[PDB]
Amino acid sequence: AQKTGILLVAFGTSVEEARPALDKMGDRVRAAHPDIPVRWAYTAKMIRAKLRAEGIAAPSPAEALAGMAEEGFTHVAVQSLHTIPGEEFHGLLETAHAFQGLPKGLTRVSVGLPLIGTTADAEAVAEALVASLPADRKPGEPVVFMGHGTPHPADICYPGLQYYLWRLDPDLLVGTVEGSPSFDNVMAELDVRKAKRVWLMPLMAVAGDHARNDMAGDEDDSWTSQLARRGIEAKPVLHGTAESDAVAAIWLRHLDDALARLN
């Protein structure tokens, strides 16, 4: 009776200018698995709420998998587009396990690792980030990658990643909105380097509200505003990591592993 499906799961975005990076990921998946149905879900409640408000279907992972059981899928590979295996990724794993083996439902539900899975992923991410840098960035000019940050233990992925980036370039820095390293830590790194021009790039899949507001906003407490007050030319780049082929390739490999775990 066998039927295989793929569930792509993003934190998500509700802003029109940011959704293209999701669609680009959808194409990549379709191109690599032309005969497997692909469905979407979103882990953030507030974003499902805004998307429904605009008249767009936006299922939670639970709704998506109940709907997929209803369409007769038996084996589903779930791939998050999270960066780290934090709270949301763990919740997604609990949700997948809960659906597998329910009566008359899904036989097998596998979950692909987020971006920074193994130490080998972390080193591959560092390389992909380097390959993603804007052509106009000059050698010596620091780049701050902005991650979300979390109180979850997987926060340790950000300082782990900083290790790998430095092995490539002493001027590539990691900062987070809510964890460690903090933006203050990043500014202290910038002061010792006496950098005059600094690039800012989101570490998340899509350049969402943290990217547009906390990293590059007009208000005083944004990263670019804070850098301007200390005389630094801030160059924010509003592209999520899902726009990079070299980064996306790592999510794709994770999806391949999850499909293979279905048998």
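The first residue of the sequence shown is number 1, and the count goes up from there.
Stretches 152-160 and 80-88 differ in mean C-alpha B factor, with the higher average recorded for 80-88. Higher average CA B factor: 217-225, of the stretches 217-225 and 198-206. Within the group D169, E141, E123, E94, the record's highest C-alpha temperature factor is found at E94.
Split the chain's modelled residues into thirds by C-alpha temperature factor. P114 is in the lowest one. In the PDB entry, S180 places in the middle third of its chain by CA B-factor. Per the PDB record, residue ranking by Cα B-factor puts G55 in the middle third of the chain. Among all modelled residues in this chain, the alpha-carbon of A135 has a temperature factor (C-alpha) in the middle third.
In the PDB entry, a CA B factor belonging to the middle third of its chain's modelled residues is recorded for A69.
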